[PDB]
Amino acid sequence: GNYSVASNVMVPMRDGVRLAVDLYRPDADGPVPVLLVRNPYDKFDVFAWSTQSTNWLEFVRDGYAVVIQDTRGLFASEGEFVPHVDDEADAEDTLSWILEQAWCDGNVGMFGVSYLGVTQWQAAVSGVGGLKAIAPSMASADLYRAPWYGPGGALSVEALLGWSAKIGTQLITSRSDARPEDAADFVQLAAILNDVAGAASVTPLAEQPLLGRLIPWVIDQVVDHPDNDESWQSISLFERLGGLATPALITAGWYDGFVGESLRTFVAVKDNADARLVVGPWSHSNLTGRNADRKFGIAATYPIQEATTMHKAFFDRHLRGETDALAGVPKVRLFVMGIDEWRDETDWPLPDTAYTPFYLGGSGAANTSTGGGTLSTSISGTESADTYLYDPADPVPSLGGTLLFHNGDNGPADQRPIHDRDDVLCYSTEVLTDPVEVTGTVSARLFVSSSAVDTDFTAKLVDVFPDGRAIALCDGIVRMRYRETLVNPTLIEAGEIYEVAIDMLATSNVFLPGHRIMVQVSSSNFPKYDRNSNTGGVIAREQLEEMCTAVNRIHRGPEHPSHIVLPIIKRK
């Protein structure tokens, strides 16, 4: 039950650069199992991240050692900081050092959230036999796909500018000797964080005098590489995951920026080792279960003590060889929205999933929420088309969804403020008499045309309540040059009809009696994603005046059966 703490122990890497760690070690007569956490936000500052993870001092009281490390070039560590590029090698060297110590029994694991989760996948590909289990929460194994770009090939601009300002702020506050420019730089960084959409609105997007000076990576890597090219593929771990046999405890949230990539990692590792999955209704910075126009109940609040119990059982099985430690623990545990209840499952995707088309239709134009747009399981009878103007100077504002830094605390947001826009097309079912459950991955297939040689298309799933609230669920985008591949883009021909897919991530929701199922279609969602210039040019290098408007069209009928694909679950 007792322990000691040693601060700033210096660990040498292969190139001679030393990284700083803190050691939390139990009172014990011999060696013990060990857990590692790799952190870019100061190893000393434990209260900043721990409330989004576990009550991990319980692990120490129960006989585990815990090691917390400052990553390269930050706080007490030597070297120079660049995101992602040094973390594979630095993790390998750190695991090796731990295994060589007098107090380590040969069994090592990892846990943590966000960047503290990404670094676990980077450690897992090293081939170090002593690493017996990992637990990555709200994370990704492919950095292009989340959080910097996405499956549709658009830049996640609010995520990039917000995070870069956060990193810049801590660099100034952590300086040994203050610089003359520090005071003014601090003020400017606060202005970005108070107004992320404003920061994202300046053209050309690639000209960032403050952020480019403090963290050159923001332009040199992220903005300058819009294709999923060799620079991205190098830091990706995903294709290596299939060859591993390492147990993983994976956590995600329905309104979290990482949700699509978190779920993919579970599917990639489940066949070769013991994988577990937990998904709640959270966004990256709001784990409370409470939002402005939607409350999920006290059961929805991040369950930190239950999480601590589950993590300890998982590590007891895989690090301590206790064969019955996970008795009674489910493989998959989901918070099902609508009914607003936790429920156990045997697999993800769910076994009895019926992937069902809901077709776009209706009399007259589908523009605005008072138009005639419908959704039905029957193919539409008349050939029709809905048309709108997309102007880059006036994009559709982002409201909820998977926002990270710009208003990122209201995932299930009411959509009524944007329903009167002519560029927002709406399609709804009739009012439901019986419940319909949608749990799984979601996508759309649309037949589209444009006056331009490049543009974007968006789709958003919505639950309409009896009182009028139109609550967001999941959404996605396709940038037309990347319609067939993220690696080798090509332009389109003006006026020609194309069939395209939109990846809309995932959800779990029961649409209750008295509700409607609704879909919104458009060509922008700003600043969740950057805006298309409609020119075919290098988007981030263009002035707002260099950009063009586009006349865009959605085709629907017997020969052009545009639809959403819903993962339907029926439980009697």
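One-based numbering along the sequence shown.
23-31 and 511-519 differ in mean CA B-factor, and the higher of the two is recorded for 23-31. A summary of the deposited B-factors shows that, of 170-178 and 90-98, the stretch with the larger mean C-alpha value is 170-178. In this entry, the residue among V478, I304, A245, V396 with the greatest C-alpha B factor is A245. Set against one another, the Cα B-factors of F258, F186, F335, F266 in the record reach their highest point at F186. In the deposited entry, the Cα temperature factor of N525 sits in the bottom third of values across the chain's modelled residues. For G150, the recorded CA B-factor ranks within the lowest third of the chain. Only modelled residues enter the ranking. When the modelled residues of the chain are ordered by their C-alpha B factor, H406 lands in the lowest third. When the modelled residues of the chain are ordered by their C-alpha B factor, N39 lands in the lowest third.
Per the deposited record, the Cα B-factor of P83 falls in the middle third when ranked against the other modelled residues of its chain.
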